[PDB]
Amino acid sequence: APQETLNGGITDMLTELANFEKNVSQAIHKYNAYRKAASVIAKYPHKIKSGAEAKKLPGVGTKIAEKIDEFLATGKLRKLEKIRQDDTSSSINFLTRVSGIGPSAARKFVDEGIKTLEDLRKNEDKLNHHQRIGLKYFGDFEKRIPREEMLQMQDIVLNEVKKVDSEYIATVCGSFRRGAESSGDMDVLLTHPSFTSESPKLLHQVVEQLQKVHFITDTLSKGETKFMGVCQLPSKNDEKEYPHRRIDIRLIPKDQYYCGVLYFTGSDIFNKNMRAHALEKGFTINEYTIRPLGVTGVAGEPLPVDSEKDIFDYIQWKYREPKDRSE
DNA sequence: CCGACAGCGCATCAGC
DNA sequence: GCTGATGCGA
DNA sequence: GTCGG
Ligand code: NA
Ligand code: NA
Ligand code: NA
Ligand code: NA
């Protein structure tokens, strides 16, 4: 990976613009265009000398090449400088860091004078359940989770799930499964032999047990197949308590389980390249199933999958260790 | 020139 | 009461 | 904003 020093000024500039498109202008596609440009530039192993040079990279077009030229010659971007100083826009952009507060809620809050966390604290009744929790753990939620804590967190989840019913199968995915040194949250996929695509408390019993042992502390949303909440490792003797963490738990039918583990294990880059290689071989792979694309294009029924490898086999690909799925 | 850029669970809104 | 749409997330 | 039919 190229050192941040190479084009960090440029990548930082593109990422800030991305946030403003997403959070203020509500232009999600522009948001992603910037992110895509920032990503391709972030992996470019050379210090960019001009916009034209950058334009050769996929995802970098005329407008961004133009912005790069301005930043190389001035060390900044007038539009970015201006929006940063804009009280309304910087406040809308900032409020979106609260989990539960999106571009719409952020805009509404700022419209009525609520611009800071302090304002949010004085207006609890104007926040829904999710937002109050995002506010309560604002700092904790932005902190990363060291792998050691992730292992401790896994120990608890795996233990409690098996305690509820030894037949449950639980897999912690995300970058953690790929061996990451830290994580932004914990993503748990859960299944049970009694639950197939064609077979109401399976998920509830697990969440309940996790709350019973005081691991899960709050709930953002909870249905029959998906749970999104907060957890916290138990504090040690006289030791500073651990920060609260975001944890999601999805209940997936057995026959769609491994397609789910693969997908949620990523990385996204790997998922694309795998979805690509998948198509050229006559297959389509999403998070639910792998299906054979017919002669005219009639995707027959989903193929049977009993493991990640099963999927790799259908596309003539040597099973890839989560460790080697960065792309 | 102009459409795609992912699809979907849950919470909550808009409206009958 | 309900259905469908919208906001939000990851 | 960028790509591509
Ligand atoms: Na380009
Ligand atoms: Na947010
Ligand atoms: Na956010
Ligand atoms: Na048992």
Side-chain angles (χ1 to χ4, degrees), chain A residues 10 13-23 25-41 51 54-68 77 79-80 92 95-109 125-135 137 141-142 145 172-177 183-190 200 203-204 207 218-230 245-253 256 259-260 263-268 271-272 275-276 279 284-289 291:
Chain A
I10 290 178
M13 169 180 87
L14 297 181
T15 297
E16 207 179 320
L17 289 173
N19 295 333
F20 279 109
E21 289 303 330
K22 181 187 69 166
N23 311 315
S25 296
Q26 297 183 196
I28 194 61
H29 306 302
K30 278 195 177 175
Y31 159 73
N32 283 304
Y34 278 115
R35 285 174 76 208
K36 184 182 177 194
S39 297
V40 68
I41 286 170
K55 198 176 186 307
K56 294 175 186 176
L57 301 178
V60 173
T62 303
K63 304 300 218 69
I64 296 182
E66 187 177 300
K67 280 173 168 55
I68 288 167
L77 208 70
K79 286 178 175 184
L80 201 49
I92 290 185
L95 294 190
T96 67
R97 287 165 55 184
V98 181
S99 182
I101 295 184
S104 179
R107 172 168 304 305
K108 191 169 74 174
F109 283 133
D125 48 298
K126 288 184 181 294
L127 279 64
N128 58 46
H129 184 66
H130 190 313
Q131 301 167 321
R132 300 182 184 175
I133 290 170
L135 173 60
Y137 302 116
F141 284 178
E142 296 197 323
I145 311 174
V172 174
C173 304
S175 62
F176 167 80
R177 186 157 177 269
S183 292
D185 58 22
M186 172 163 275
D187 190 32
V188 186
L189 283 68
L190 182 75
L203 181 55
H204 176 277
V207 176
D218 305 80
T219 303
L220 296 169
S221 59
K222 180 180 177 295
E224 308 177 310
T225 61
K226 187 178 70 174
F227 167 90
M228 298 180 69
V230 186
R245 314 292 198 182
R246 276 283 291 105
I247 180 171
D248 293 335
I249 303 171
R250 313 188 185 79
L251 180 69
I252 307 179
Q256 294 183 172
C259 274
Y263 179 76
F264 288 112
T265 290
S267 66
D268 306 299
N271 291 319
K272 295 184 182 179
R275 279 199 295 288
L279 295 171
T284 179
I285 303 177
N286 56 44
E287 93 176 62
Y288 302 106
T289 54
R291 290 169 298 165

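Each chain gets a letter, A, B and so on, in the order the sequences are listed, and its residues count up from 1. In what follows, every heavy atom counts, from backbone to side chain, and hydrogens, waters and symmetry copies are set aside.
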Q: Specify the separation, in whole Å, of atom CG of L279(A) and atom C1' of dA6(B).
A: 14 Å
(Q) Any side-chain N or O of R250(A) below 4.0 angstrom from OP1/OP2 of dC8(B)? (A) no
**Q.** Side-chain donor or acceptor of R275(A) paired with backbone N/O of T284(A) under 3.5 Å
**A.** no
Q: Look at the side chain of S221(A) and decide which nucleotide, out of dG9(C), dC8(B), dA11(B), has an atom nearest to it.
A: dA11(B)
Q: Measure from the side-chain heavy atoms of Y263(A) and tell me the nearest of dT12(B), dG9(C), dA6(B).
A: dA6(B)
(Q) Using a heavy-atom cut-off of 4.0 Å across all strands, would you classify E287(A) as base, sugar-phosphate, or nothing? (A) nothing
Q | DNA chain B: 5'-proximal contact among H29(A) and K222(A) (nearest heavy atom) | A | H29(A)
Q | 5′-ward residue of the pair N32(A)/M228(A) relative to DNA chain B | A | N32(A)
**Q.** Ring-face cation of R250(A) near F227(A) (centre distance under 6.0 Å, axis angle within 45°)
**A.** no
Q: Would you indicate what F227(A) reaches in the nucleic acid, counting non-hydrogen atoms under 4.0 angstrom: base, sugar-phosphate, or nothing?
A: nothing
Q) Could you give the CG-to-P distance, from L127(A) to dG7(C), as a whole number of Å? A) 17 Å
Q: Test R177(A) against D187(A) for salt bridge (charged side-chain N to carboxylate O under 4.0 Å, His left out), laying out the working first.
A: CA-CA 10 Å; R177(A) 186 157 177 269; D187(A) 190 32; over 6 Å; no
Q: Scan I28(A) against the nucleic acid and name what it touches under 4.0 Å (heavy atoms): base, sugar-phosphate only, or nothing.
A: nothing
Q: Would you mind reading off the distance between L220(A) atom CG and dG9(B) atom P, rounded to a whole angstrom?
A: 18 Å
Q | Nearest-neighbour nucleotide for the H129(A) side chain, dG9(C), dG1(D), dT12(B) considered | A | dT12(B)
(Q) What is the distance, to the nearest angstrom, from the CG atom on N128(A) to the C1' atom on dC8(C)? (A) 9 Å
Q) What nucleic acid atoms does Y34(A) come within less than 4.0 Å of, heavy atoms only: base, sugar-phosphate, or nothing? A) sugar-phosphate
Q) Are any of the side-chain heavy atoms of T265(A) and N271(A) separated by less than 4.5 Å? A) no
Q: Examine distances only and state if a side-chain atom of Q131(A) and a backbone atom of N128(A) form a donor-acceptor pair shorter than 3.5 Å.
A: yes
Q.
Looking at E142(A), I'd like to know if its CD atom is crowded, meaning that more than 12 non-hydrogen atoms belonging to other residues, nucleotides or ligands lie closer than 6.0 Å.
A. yes
**Q.** Distance, rounded to the nearest Å, where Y31(A) contributes OH and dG1(D) contributes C1'
**A.** 15 Å
Q.
From C-beta outward on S104(A), which listed nucleotide comes closest to its side chain: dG7(C), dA10(C), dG9(C)?
A. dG7(C)
(Q) By the 4.0 Å heavy-atom rule, please label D187(A) as base, sugar-phosphate, or nothing. (A) nothing
Q) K22(A) NZ to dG9(C) P: how many Å, rounded? A) 8 Å
Q. With sugar-phosphate meaning primed atoms plus P, OP1 and OP2, does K63(A) contact a base, only sugar-phosphate, or nothing at under 4.0 Å between heavy atoms?
A. sugar-phosphate
Q: Determine the Euclidean distance between corresponding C1' atoms of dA5(C) and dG7(B); express it in Å to zero decimal places.
A: 16 Å
(Q) Of the options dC8(C), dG9(C), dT2(D), whose atoms approach the side-chain atoms of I64(A) most closely? (A) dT2(D)
Q. Contact class for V40(A) (heavy atom, under 4.0 Å): base, sugar-phosphate, or nothing?
A. nothing
Q. Under 4.0 Å: is that the gap between some side-chain N or O of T225(A) and OP1 or OP2 of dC10(B)?
A. yes
Q) How far does the P atom of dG9(B) sit from the matching atom of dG1(D), given to the nearest Å? A) 33 Å
Q) For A105(A), which contact category applies under a 4.0 Å heavy-atom criterion: base, sugar-phosphate, or nothing? A) sugar-phosphate
(Q) With a 6.0 Å cut-off (strictly less than), is the heavy-atom count around NZ of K222(A), excluding the residue itself, greater than 12? (A) yes
Q: Pick north or south for the sugar of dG1(D); the rule is positive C1'-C2'-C3'-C4' for north, negative for south.
A: south
Q: State whether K226(A) places a side-chain N or O below 4.0 Å from either non-bridging phosphate oxygen (OP1 or OP2) of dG9(B).
A: no
(Q) Rounding to an integer number of Å, can you tell me how far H204(A) NE2 sits from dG9(B) P? (A) 20 Å
Q: Tell me what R107(A) touches on the nucleic acid: a base, only sugar-phosphate, or nothing, going by heavy atoms under 4.0 Å.
A: nothing
Q: Could you check which nucleotide pairs with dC5(B) in any of the strands shown, counting Watson-Crick or G-U wobble with both distances under 3.5 Å?
A: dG1(D)
Q: Please report, rounded to the nearest Å, how far the P atom of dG9(C) is from the CG atom of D248(A).
A: 12 Å
Q: Could you measure between the two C1' atoms, the one in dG9(C) and the one in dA6(B), and give it in whole Å?
A: 14 Å
Q) Contact class for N286(A) (heavy atom, under 4.0 Å): base, sugar-phosphate, or nothing? A) nothing
